[PDB]
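One chain comes next, on its own, written out as structure tokens in the form deposited in one PDB entry.
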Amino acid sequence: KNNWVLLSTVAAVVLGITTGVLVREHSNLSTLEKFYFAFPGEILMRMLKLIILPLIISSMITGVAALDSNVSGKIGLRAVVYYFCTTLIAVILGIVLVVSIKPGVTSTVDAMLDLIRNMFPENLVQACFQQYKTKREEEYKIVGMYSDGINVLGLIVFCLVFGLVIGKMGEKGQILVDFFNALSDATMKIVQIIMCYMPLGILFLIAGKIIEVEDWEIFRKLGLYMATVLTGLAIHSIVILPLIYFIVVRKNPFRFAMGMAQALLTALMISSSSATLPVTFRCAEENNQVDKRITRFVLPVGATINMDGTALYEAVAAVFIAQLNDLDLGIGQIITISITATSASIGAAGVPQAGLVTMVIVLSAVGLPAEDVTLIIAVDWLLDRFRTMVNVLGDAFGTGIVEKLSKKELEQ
């Protein structure tokens, strides 16, 4: 019905819980038998991990090269600055809520430097399956290591520089742009094939998790995770973003949101910001009367670099999974998670189920068990819909900001 992706995921979740409760109470499997029961779920995890490397590399180069076209002049610069500030506040807001609420609960300088080191790997081939970690030994020295763990930060940064370089090379770099455009297109087709197998893998992933839960405390922790994500998205969409619009534009932001209601409603159903653009353009220019020039240079940019939703959904999810693993975490470790979350999303911007694919990238890069994402998919459909609604609203408000900040340019 063109919504099989949503129906299949919910059906898999519902049947996964039904299978888990029945098997747990009507059977007593051993440790080895329980592992085999989740094997279809394990195979799904390998497919998602397998497609990470071509997805992020092809998409980041494709997106960055395409972004070079949209981001031109001062008008484009206003949107880039606007999306940096709103994303920055979302990153801080997400960390404050997950650290204070503490959903799944019960050196900082080294982590920060390791973050910069990973952004500049010493070998691109090794960056696909290894990450750099440092330690303090004893008067105290520093010892690097290099351990298994795809270096998403290094690959994304290089693709950023690579994408910008080829985009500016004109015709000499067109073959590289065409090559990675087709590779990106092919990878999305491959993920669609994996998405067809997802309902079977999700069924056994969730079902196996129900067999292994000793106490219902995990369900309570999942509820706090939903509250943390919903609370952060609500505050950003209701308080922070309208406040930013109000001060810069000195107009009522709530009226501005009414014109986008058609786009906001479409954002939930489709659950993709890029696919909602045609509706977003119509609402922004017709209902909000925003100049058509701004919407052309702002909305395409916002569909790529608007990470407010990721900073409030995927970053919070990664820290929540870390807290589930009894990791004490720190300022340096949380900042590493937050940057990884935004880097993963930009590399998986148009992938079906960005939320699932992005989280698997974040967990793999950070080091948390990629199988702990099972709890995320149980409500990912619900939270991903709200995440996209905030992203579209952020871009819609961004168009009003750039118009007010670039009135003189429009006159000229």
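We call the rigid core whatever largest set of C-alpha positions still superposes within 1.5 Å between the two forms. Sequential numbering from 1, following the sequence displayed.
Absent from the display: the form deposited in another entry. The rest refers to it.
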**Fill in**
The one residue in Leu241, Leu203, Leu233, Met260 whose CA moves 2 Å or more between the shown form and the other one on rigid core superposition is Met260
**Cα displacement of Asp185 between the shown form and the other one reaching 2 Å, rigid core superposed** = no
**Request:** Align both forms on the core first, then report whether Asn123 has a C-alpha shift of 2 Å or more between the shown form and the other one.
**Result:** no
**Request:** Verify the C-alpha shift of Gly355 between the shown form and the other one: is it 2 Å or more after superposing the core?
**Result:** yes
**Complete:** Against the displayed form, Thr304 vs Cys159 by Cα, in the other form, with 3 angstroms or more change: pair is farther
**Item:** Sense of CA distance change between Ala354 and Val191 in the other form, threshold 3 Å
**Value:** closer
